[PDB]
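For neighbour counting, all protein chains shown are included, and Cβ atoms are generated from backbone atoms with ideal geometry for every residue, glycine included. Just so it is clear, none of the values below were taken in a lab; they were calculated from the coordinates.
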Amino acid sequence: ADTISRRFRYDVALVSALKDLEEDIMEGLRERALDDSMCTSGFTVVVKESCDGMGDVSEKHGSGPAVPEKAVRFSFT
Amino acid sequence: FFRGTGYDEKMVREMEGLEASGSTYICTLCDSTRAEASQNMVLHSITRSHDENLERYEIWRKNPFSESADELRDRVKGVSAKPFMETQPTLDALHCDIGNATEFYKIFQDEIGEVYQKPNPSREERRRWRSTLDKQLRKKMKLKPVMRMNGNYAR
Amino acid sequence: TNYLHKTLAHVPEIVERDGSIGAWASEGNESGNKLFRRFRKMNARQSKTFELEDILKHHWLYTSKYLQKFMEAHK
Amino acid sequence: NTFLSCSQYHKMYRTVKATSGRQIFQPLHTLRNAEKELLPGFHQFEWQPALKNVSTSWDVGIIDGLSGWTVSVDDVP
DNA sequence: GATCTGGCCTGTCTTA
DNA sequence: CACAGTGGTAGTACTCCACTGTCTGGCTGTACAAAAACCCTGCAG
DNA sequence: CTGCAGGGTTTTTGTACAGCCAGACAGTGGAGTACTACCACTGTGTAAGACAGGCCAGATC
Ligand SMILES: [Ca+2]
Ligand SMILES: [Ca+2]
Ligand SMILES: [Zn+2]
């Protein structure tokens, strides 16, 4: 189990980063002047996700376990 | 709706089982080899996706026709591993710009000297042509030489 | 090269399918790596056990919209 | 002492003044004249006896180290 | 002792 | 046809240092009424 | 029990006298104010793997 890793759960980070844009989603609803109480269930979200690695990330003494230098980062937008 | 597009070619080929990257099969979207893509450059159609790659790994593994290795590789068109993740069939911008910039940098280097008259030069003349190219680019375009072609030097 | 083929054969079909190319580029992650390095050096606990958690939390806080609304504060 | 960049500090100043200000922090152009005492070449001083091979001007700030190199091509560049 | 063929070796090309 | 920066300089734009009179908006002692919103009770299904 | 309707309750909402302070208005002459643009240039992109040719070494008749 050498590898150290940390991550949110996918759906939880999704709903938080989505509710954060509630300001701009409601302001777009008012700008287009669409109905508010009506047409609540017809939304559609398009999400770009990316993955990438990274070289020569130095490591530290710590207490273990031993770990490689390369790090990998998975992120979405 | 999810669209995985932020991968470089190394990782696009790893996550879809294709072999990488100086392979005979160059295109992640099309099935042409190196020869048929140097012959006809500008006519092709996108075929590759996730589901067909899964099915082609199945064909390569069950091998229902008892074909030899070298010809089963051509029948399955480069699928030697099982796809792990679905990525939309798209091109990456930044590494494409970088690839084309390194290609023109190599073309210019060939051009400084005469490469199409004397087809077999040595390493000495190659280093000399690169050196005079970098000196001339630094004198006018204001570009120090690079270890590896980053995006800004490519713009 | 495989990029010359990709850019001389498949570009019209790509820009027709979705409608954009550069908007789906890998820039967002490549440039985020810079933030990862500056958050592993300056803003995380200096230990092998805890430090990935600190980089993850601080990098999630830097990329919120609600906290970026106040940077302009209506000019 | 907090390693804040000038542009980041101006960002902080604008944000702290636009909301509820009542501005606290000073603008940049009053800082730029605030340190003209801390840097060299401000206080009056004098040696005795007068130094050898050193000019007596006491207001020389940041001087280029080349120290008058005759950049002309034929010499050592 | 001649011959033959598989595997060893090296250089170039590709994305990184 | 990335993108958020990096600090110094020149330029515009504005917001103020002093003299001045004038003006409106909003404070204070109770009195006087019009609306507010439940709650009672009154008369009716 | 429901529904509405005269009036009550207390509470608000405002106009009413009437004297009076605090800050904006005009201005000015210009100052120093404060906020913007312009200028070149940065960083995050970063290693093995595929393929063709030449050749040599050991096994076979
Ligand atoms: Ca990478
Ligand atoms: Ca990579
Ligand atoms: Zn193709």
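Structure above, values below:
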{"quantity": "Whichever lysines have a C-alpha closer than 22 Å to that of B:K139, once near sequence neighbours (fewer than 8 apart) are set aside", "calculated": "B:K106"}
{"quantity": "For chain D, alpha-carbon Rg and Dmax in angstrom", "calculated": "21.1, 64"}
{"quantity": "Chain C - Debye-derived log10 I(q)/I(0), Cα point model, q = 0.14, 0.27 Å⁻¹", "calculated": "-0.72, -1.21"}
{"quantity": "Free-standing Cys residues across chain B, given no other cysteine C-beta under 4.7 angstrom", "calculated": "B:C96"}
{"quantity": "Rg/Rg_ref, chain B, where Rg_ref = 2.2 N^0.38 Å and atoms are Cα", "calculated": "1.35"}
{"quantity": "FRET efficiency, B:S131 to A:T3 (Cβ-Cβ, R0 41 Å, nearest 0.05)", "calculated": "0.40"}
{"quantity": "Gaussian network model of chain D, Cα within-10 Å springs - most flexible of D:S55, D:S67, D:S20", "calculated": "D:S67"}
{"quantity": "Estimated 222 nm signal from helices in chain A, with DSSP H stretches of n ≥ 4 weighted -39500 (n - 2.57), rounded to 500", "calculated": "-7500 deg cm²/dmol"}
{"quantity": "Within chain B, helix-based [θ] at 222 nm, where runs of 4 or more DSSP H residues each add -39,500 (n - 2.57), nearest 500", "calculated": "-15000 deg cm²/dmol"}
{"quantity": "Volume per residue of the C-alpha convex hull in the protein assembly as shown, rounded to whole Å³", "calculated": "308 Å³"}
{"quantity": "Over chain C: helical MRE at 222 nm, DSSP H runs n ≥ 4 each giving -39500 (n - 2.57), nearest 500", "calculated": "-16500 deg cm²/dmol"}
{"quantity": "Whichever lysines have a C-alpha closer than 30 Å to that of C:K69, once near sequence neighbours (fewer than 8 apart) are set aside", "calculated": "A:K19, A:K48, C:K34, C:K41, C:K57, D:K11, D:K17"}
{"quantity": "Volume of the Cα convex hull of segment B:54-142, divided per residue and given in Å³", "calculated": "182 Å³"}
{"quantity": "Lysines with Cα under 26 Å of B:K77, excluding same-chain neighbours fewer than 8 positions away", "calculated": "B:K10, B:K62, C:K6"}
{"quantity": "For chain A, radius of gyration divided by Kirkwood radius, i.e. Rg to Rh on alpha-carbons", "calculated": "1.21"}
{"quantity": "Charged-residue dipole, Cβ positions (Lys, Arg, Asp, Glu), segment B:95-135 about Cα centre, Debye nearest 20", "calculated": "240 debye"}
{"quantity": "Pairwise label distance in nanometres, B:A101 with C:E72, each label 7 Å out on the Cα-Cβ vector", "calculated": "3.0 nm"}
{"quantity": "For segment B:20-72, average projected area of the Cα convex hull in nm²", "calculated": "4.5 nm²"}
{"quantity": "Protection proxy ranking of D:56-65, A:58-67, C:34-43 - average other beta-carbon atoms within 10 Å, highest first", "calculated": "C:34-43, A:58-67, D:56-65"}
